[PDB]
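Below you'll find only one chain, the form deposited in one PDB entry, shown as structure tokens.
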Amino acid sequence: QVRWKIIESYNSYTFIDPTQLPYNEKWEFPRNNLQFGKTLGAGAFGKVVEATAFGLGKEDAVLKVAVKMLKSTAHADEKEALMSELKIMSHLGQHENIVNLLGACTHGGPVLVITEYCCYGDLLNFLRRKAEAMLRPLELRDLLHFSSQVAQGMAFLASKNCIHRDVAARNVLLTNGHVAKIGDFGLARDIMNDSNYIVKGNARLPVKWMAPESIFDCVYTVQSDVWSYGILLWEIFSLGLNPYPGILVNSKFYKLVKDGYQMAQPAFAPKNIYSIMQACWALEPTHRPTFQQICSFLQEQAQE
């Protein structure tokens, strides 16, 4: 899967599985107070559309928001998956580096999940456009900020025993001040038409971002998200190159990663940042750093 999930842990303790419980009606917002605009993206069974929400929250704000909803192809299972994502977001609480839940419309029509709108789009496209500019250029401080902001969002999910399962620059969004935010985009992102999601039976998996234990054993842990985060750092510090450049996803690829092959240091990564990627890429999951350890070390690189 490529959706967020709450797991059990015996640091942080899982008392409840929010997906297995009813929805908290405190998030209910009137659907007629939404004015829809353009579609931001769509998956096989869901889509995300920009909207203006009129009188949303404590401050009765009028703001641009992102609204998730089902497509015509969706049945009971897809409706459950959207409700499940809504239940997870209501449980986790707010964080500055997460695409926060703002409201929901679960009555009087199709289910709508209202979240923060990220005005600058995805990080991957942003890096690519900045890298190719003919002419404010990116600085190392900007790249360190993106890296730190994602690590803080990931340390927040880990503290809540929540696994991400699709860490990648395409899944990092940039909001006001070019601040990075992560979110669960599995239901609304275009997986079917993106060749980075490899056909593996009935699943489509982002194989170049996955930890060896995830591709081979279907094991997903906070440590497997750490591996993907190392791939994301490589994307940030190469300014958006495709991982394992020019290497096709086939049997030789799986053999290379199984055998400990690692991508070369990217062009804009200082040696200390490359050392974080190498640590994320330890074959033994317990030898990888935690997201809190990454946050602490990134803070040292920003200061010095």
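Each form is matched to the other, and the largest set of C-alpha atoms that superpose within 1.5 Å is called the rigid core. Residues carry their position along the shown sequence, with the first being 1.
Beyond what is shown, the protein has a form deposited in another entry; the following relates to that form.
Novice: Which residue in 208, 189, 170, 181 stands out, with a C-alpha shift of 2 Å or more between this form and the one not shown when both forms are set on the rigid core?
Specialist: One residue passes the 2 Å cut-off, namely 189.
Novice: So, superposing on the core, is the move of residue 24 at the CA at least 2 angstroms between this form and the one not shown?
Specialist: Comparing forms between this form and the one not shown, the residue 24 CA shifts below 2 Å.
Novice: For residue 217, is the CA shift between this form and the one not shown at least 2 Å following rigid-core superposition?
Specialist: Moves: no, less than 2 Å.
Novice: Once the core is aligned, does residue 46 move its Cα by at least 2 Å between this form and the one not shown?
Specialist: After core superposition, the displacement of the residue 46 C-alpha between this form and the one not shown reaches the 2 Å mark, so yes.
Novice: Shorter or longer C-alpha distance for residue 184 and residue 170 in the other form, given it differs from this form by 3 Å or more?
Specialist: The answer is closer, because the C-alphas of residue 184 and residue 170 approach each other in the other form by 3 Å or more.
Novice: Closer or farther: how do the CA atoms of residue 158 and residue 19 lie in the other form, compared with the form shown, if the change is at least 3 Å?
Specialist: Farther apart, by at least 3 Å.
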